[PDB]
Structure formats: C-alpha cells, structure tokens
Amino acid sequence: XXXXXXXXXXXXXXXXXXXXXXXXXXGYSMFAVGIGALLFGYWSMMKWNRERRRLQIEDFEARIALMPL
Amino acid sequence: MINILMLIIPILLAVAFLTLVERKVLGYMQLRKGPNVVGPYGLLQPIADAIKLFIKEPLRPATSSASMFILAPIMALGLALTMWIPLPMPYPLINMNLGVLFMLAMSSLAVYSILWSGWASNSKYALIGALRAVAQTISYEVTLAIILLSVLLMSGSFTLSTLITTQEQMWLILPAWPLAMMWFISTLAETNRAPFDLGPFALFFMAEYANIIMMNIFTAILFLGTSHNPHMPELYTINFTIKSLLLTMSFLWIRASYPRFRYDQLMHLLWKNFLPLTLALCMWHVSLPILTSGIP
C-alpha cells in the first residue's frame, strides 16, 4: 500500500471576504450626540457660574463690612 | 523646605520606571513581550539603564565649543523639573500669583534644549535637521496658547488652584468637546515622536520623557477633576493618579498605532487647518461668558 499526502479543503477558508463594515456610527446620528453634548455642556457650566455669583458678591461684601481693618 | 527633594527624586524615578511602561504596554500592542529576564517582571531594568549610561559610558564630542554641549542638558533637565513646581496637585509647592502663565513660559523656553544641541555640532549636516525639529515645537506653541485661553475664559483666572474648584460636578471635556481633542494632538509635538520625529545624550531621554508625564498631568487639570474634597486628601491623591495614567496609555497609543505625518503636511494639519479651527472656537469662547453669566 502507498501512503502519500492527502488532500483536504473542507470549507475552502472563503476566498476573499470583506471584513470592513460600518459600525456604531452612522453619520447624522453622531452629530445629534456630538452637538447635543455641547448644548448640555454650556447649560450645566453656566448654572455653576450663576452659583459662583452668590459667593462672589458675598466675598466682596466682607471688605465693605470690615472698616476697622 | 524638604518637599522640593520629594518632587525631584521620586520624579526622576518616574522617568526611569517609564522604560518598563514604554515597551511593555507598547509591547502588548505589538504582541511582543517586553522586560522579563532582568527582574521578576523586569523591574530591575529601569535602574540598570542608569548604571550603564552614567558611569561607564564615555564621551566623544564632535568639537566641544567651550561652554555649549555641556550646558544644553542643564537647560533640558532644569526646565523639565521646574515645571513640577507650579502644579496644583492636592496642594502646590510655593503657589505662584498666576499659575498657567508660568506653565506656558517654561515650555516655550524648553525649545532652547533642542536649539543648543544643533549648535554643538560643527557640521552643517546636523543643523538643518535640528532647525526642522525646532519647527515642530515652535509652531504648535501658537495654538497651545489659544486653546489654553478658551478654557480659562470659560471659568477661573490663571491660577491653577482655582481650576480644581470649578470642576465640582461635571468635567470640562463636555463643554470643551472639540478643544479636548486638540490637547491630545498638540502635546505630542514636543519631542514625543508620534506624529513627527527628528552620557549627555542619555540626559535628554530623562528630560524628554519627563515632559510626557507633565502634559499628561496638565491635561488632567484642565479637563479632568471629578471631586475636590479639602477635608480628605486621601481620596484626591489616588483618584488623580489613575486619571493621569489613562492619558499616559493614550500617549503610547499614538507612538505604536500611527505613522509619521510628514514635516510638510504637519504644517498642513496645523496653520492651514487647525489655526482656523482653534480661533473659531476662541471666537465662540469669547461670547460664552457674555451670552450667559460666567465670570470668576
């Protein structure tokens, strides 16, 4: 009996298949989150600066109140 | 005054122990094993590099022009270590009257370190490439000043201690969304060798990698904060280090993942494209405290 190297292909490994595809981001939907984070960013920040004004006037009031200084 | 030595010696160790991180974290990116033979996980190698280069390695200068070449590493290491002083941290060492102005000043003088090295060599062959390396740093410092001012004009004065207090509930990444993207790129220009790349030669490594940690920390003040807590210094110290370490991973991410942008097209990303974008956002950041009340 002769024994040589046997042939096997099975699945053929798929000859040239695309793996690159669009994922997560679509296009217009990313701008809704992108610019949406900006509008949420300013509104949250400016409310803190209005709360800073409560401290600001109260800080300068200490100088006016102190005349024996 | 003992704390100055407690901000040079552990910092020089941090630049030394970077050699582990700069090729093990970079190693797993490239599917290679970094340090392993030298130590238990290669912890003995960072200190072993110091014994190799400092003591035994001799000098062979090209011309040695009296004062220079043995003055350029002093300007390199000196300016890199003095940048640690104005840093806010939980508590700063000798807090300046204005914080960020000292930060931009010592970085703009750190351009000299690569300038005097070009003058050290007598040959014309080296100085053309040396001036090209100056152009990589000098150009990005124009925008670096602009993006700084836009963050400051939102909230706080130049003082670095006030920048921690303004970030009480939310980070500055969300209001400054395109500006946060800029600090990932602009910092890499200062001899990081990720978008563009050009005894005493070993001392430049100890200074250039020191600026990498410096830009990681400075980004974690302008954009990160989470909490302050004056009563508990324990909670701030641990939480600040993790935030800075995550930015250190992103600095080594660009070095491995992305090719060089070319010197000519580095001036097409910036100047041609970035400078119209940064100033338009600077125009936007002038109107913000006027449109809605936001003055420190």
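The structure we're discussing is the one just above.
Quick look at the structure, then. Within each chain the numbering goes from 1 in written sequence order, not necessarily matching the entry, and residues lacking coordinates are not shown. Chains and ligands are labelled sequentially in the order written, the chains with letters from A and the ligands with numbers from 1. Each value given relates to the chains shown, not to the larger assembly they are part of. Hydrogens and water molecules were not included; the side-chain quantities draw on all heavy atoms of the structure. Residues with missing side-chain atoms are left out of burial classes, side-chain pairs and their counts.

**Some remarks on the overall build of chain B**
In this text, helices come from DSSP runs of H or I with a minimum length of four residues, and strands from runs of E with a minimum of two, each type numbered from the N-terminal end. Within chain B, the regular secondary structure consists of 14 helices and zero strands. As defined in this context, the radius of gyration uses C-alpha atoms, and a globule is described by 2.2 Å times the residue total to the power 0.38. Its C-alpha radius of gyration of 20 Å places chain B within 12% of the 19 Å reference for a compact globule of 296 residues. Projected onto its principal axes, the C-alpha coordinates of chain B cover approximately 60 × 45 × 45 Å.

**Considering the interface of chain A and chain B**
In this assembly, 13 residues from chain A lie in contact with 22 residues from chain B. We define buried area as the total accessible area lost by two parts upon association, computed with a 1.4 Å probe and summed across both. Carbon and sulfur atoms supply 61% of the area buried between chain A and chain B, which totals about 1700 Å² over both sides. Three residues, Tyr42, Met45 and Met46 of chain A, lead the burial of chain A against chain B; their summed loss comes to 34% of the area buried on that side. Take a side-chain nitrogen of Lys or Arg and a carboxyl oxygen of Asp or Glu: if they are within 4 Å of each other, that pair is a salt bridge. In this assembly, chain A and chain B are joined by zero salt bridges. Any pair of nitrogen or oxygen atoms within 3.5 Å is treated as a polar contact; in protein, a donor-acceptor pairing is required on top of that, and neighbouring residues in sequence qualify only through side-chain atoms on both sides. Between the two partners, chain A and chain B, sit two residue pairs in polar contact. Here the residues of the side of chain A that touches chain B sort into seven nonpolar, three polar and three charged. Between two residues, a contact is recorded if the distance between any of their heavy atoms is within 4.5 Å. Under the grouping applied here, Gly and all other residues not named as nonpolar or charged are polar, the nonpolar ones being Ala, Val, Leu, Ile, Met, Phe, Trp, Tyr, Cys and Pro and the charged ones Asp, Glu, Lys and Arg.

**Overview of the environment of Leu109 of chain B**
Residue and element names in this part refer to chain B. Along the chain, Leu109 falls in the loop between helix 5 (100-108) and helix 6 (112-120). Overall, the relative accessible area of 36% leaves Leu109 in the partly exposed class. Through-space distance from the C-alpha of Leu109 to that of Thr137 is 11 Å; in sequence the pair is 28 residues apart. In contact with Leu109, other than residues within four places in its own chain, are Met75 and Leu79. Categorising residues by exposure relies on relative accessible area from a 1.4 Å probe, with only protein chains included: less than 20% of the type maximum marks a residue as buried, more than 50% marks it as exposed, and the intermediate range marks it as partly exposed.

**As for the environment of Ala220 of chain B**
Residues and elements named next belong to chain B. When you line up the elements, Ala220 lands in helix 11 (residues 200-222). In this structure the C-alpha to C-alpha distance between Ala220 and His285, which are 65 residues apart in sequence, comes to 20 Å. When sequence neighbours within four positions are dropped, the list of residues in contact with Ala220 reads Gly225, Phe240 and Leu247.

**A few points about helix 5 of chain B**
Since one α-helical turn is 3.6 residues long, residues separated by three or four positions face the same way. Residues and elements named next belong to chain B. What helix 5 keeps buried is the set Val100, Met103, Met106 and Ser107. Along helix 5, the residues classed as buried sweep out an arc of 130° about the axis, all on the same side. For helix 5, the secondary structure elements touched by its buried residues are helix 4 (72-82), helix 8 (140-154), helix 9 (162-165) and helix 11. Here, the arc refers to the directions that run from the helix axis to the C-beta atoms.

**Here we look at the nonpolar core**
Residues and elements named next belong to chain B. Working definition of a nonpolar core: buried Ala, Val, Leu, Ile, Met, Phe, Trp, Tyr and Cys residues. They are joined through side-chain atoms within 4.5 Å. If you look at the biggest cluster of nonpolar residues, it comprises 56 residues, and the most contacted ones within it are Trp183, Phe218, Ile221 and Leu222. Sort the elements by how many residues they give to this core and helix 11 lands first, with eleven residues. Filtering out sequence-adjacent residues up to four positions away, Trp183 remains in contact with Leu144, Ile147, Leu148, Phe218, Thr219, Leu222 and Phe223.

**Digging into the packing of helix 4 of chain B against helix 11 of chain B**
All names here are of chain B. Contact geometry of helix 4 with helix 11 gives a least axis separation of 9 Å together with a crossing angle of 20°. Of the possible angle classes, the one that applies to helix 4 and helix 11 is roughly parallel. Seen along the crossing, helix 4 lies across helix 11 with a hand that is left-handed. Residues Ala72, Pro73, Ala76, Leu77 and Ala80 of helix 4 form the contact with helix 11, whose own contacting residues are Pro200, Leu203, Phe204, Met206, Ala207, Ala210, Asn211 and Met214. Axis definition: a line fitted to C-alpha atoms, over the contacting stretch in the case of helices. Angles run 0 to 180 degrees between N-to-C directions. Throughout this description, any angle smaller than 35 degrees is read as roughly parallel, any larger than 145 degrees as roughly antiparallel, any in the 65 to 115 degree range as roughly perpendicular, and the remainder as oblique. With the far helix as reference, a near helix turned anticlockwise by less than a right angle produces a left-handed crossing, and one turned clockwise produces a right-handed crossing.

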